[PDB]
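Methodologically, a virtual Cβ is constructed for each residue, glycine included, from the backbone with ideal geometry; neighbour enumeration extends over all protein chains shown. Each value in this text was obtained by applying a stated rule to the coordinates, not by laboratory testing.
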Amino acid sequence: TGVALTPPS
Amino acid sequence: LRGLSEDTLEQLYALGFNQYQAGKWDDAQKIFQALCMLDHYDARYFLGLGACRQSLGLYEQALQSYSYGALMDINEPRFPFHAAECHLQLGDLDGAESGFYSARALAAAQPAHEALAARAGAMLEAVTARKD
């Protein structure tokens, strides 16, 4: 698993 | 490139995010690196930077990024959590334990981070088991 980055707006 | 509006920064953020999603880690790293220089207060840029470095196997560099990130957002569990993954790959079980522990606390206080709370709990236990 990678990192779950916060989606852009 | 100094002094872009929040809209461009936001779109530059989107590009890095997408390149990361695409497995294109070195390109993504470079963009987050740029974003971190443009706004040294926005924790998400350092999460991105960290993440790319992790995927490339640059664990120590990832840690430097995650550590600064955590100072920017004391409530964010992703920082101590992936920091702990890097510590683990590096053979540092105390760092790993310490990060999974902190990540559990931060995550447990926030319903949005429920799945992480458990992953953190599960990783903490695995690390503790490895330690004996």
Note: among B:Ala51, B:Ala107, just one is closer than 22 Å to B:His40 by Cβ and in contact with a helix residue (DSSP H, G or I) (Cβ under 7 Å, 6 or more places away or on another chain), namely B:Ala51
Tell me yes or no: at least one residue of segment B:81-97 is more than 13 Å from chain A (Cβ to nearest Cβ) and closer than 30 Å to B:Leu1 by Cα.
no
Does B:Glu76 qualify as being surrounded by fewer than 24 Cβ atoms within 10 Å (Cβ to Cβ) and either within 20 Å of B:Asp27 (Cα to Cα) or within 14 Å of chain A (Cβ to nearest Cβ) (or both)?
yes
Is it true that some residue in segment B:35-44 is within 10 Å of chain A (Cβ to nearest Cβ), crowded, with 24+ Cβ neighbours inside 10 Å, within 14 Å of the chain's Cα centre (by Cα) and in a helix (DSSP H, G or I)?
no
Among the candidates B:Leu71, B:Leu49, residue that is in contact with a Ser or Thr (Cβ under 6 Å, 6 or more places away or on another chain) and either aromatic (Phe, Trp, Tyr) or more than 10 Å from chain A (Cβ to nearest Cβ) (or both):
B:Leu49
Can you spot a residue in segment B:118-127 that is assigned to a helix (DSSP H, G or I), among the basic types (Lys, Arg) and surrounded by fewer than 20 Cβ atoms within 10 Å (Cβ to Cβ)?
yes
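Here is a yes/no grid of residues against (1) within 20 Å of B:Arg44 (Cβ to Cβ); (2) of a type in the set (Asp, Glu):
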| site | (1), (2) |
| --- | --- |
| B:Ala62 | yes, no |
| B:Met72 | yes, no |
| B:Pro80 | yes, no |
| B:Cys86 | yes, no |
| B:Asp92 | no, yes |
| B:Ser98 | no, no |
| B:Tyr101 | no, no |
| B:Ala115 | yes, no |
| B:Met123 | no, no |
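Per-residue answers, yes or no, for (1) part of a helix (DSSP H, G or I); (2) among the hydroxyl-bearing types (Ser, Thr, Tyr):
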position	(1), (2)
B:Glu10	yes, no
B:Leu15	yes, no
B:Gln19	yes, no
B:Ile31	yes, no
B:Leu47	yes, no
B:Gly50	yes, no
B:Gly57	no, no
B:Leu63	yes, no
B:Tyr68	yes, yes
Number of the exception - B:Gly57 against (1) more than 10 Å from the chain's Cα centre (by Cα); (2) on the phi < 0 side of the Ramachandran plot:
(2)
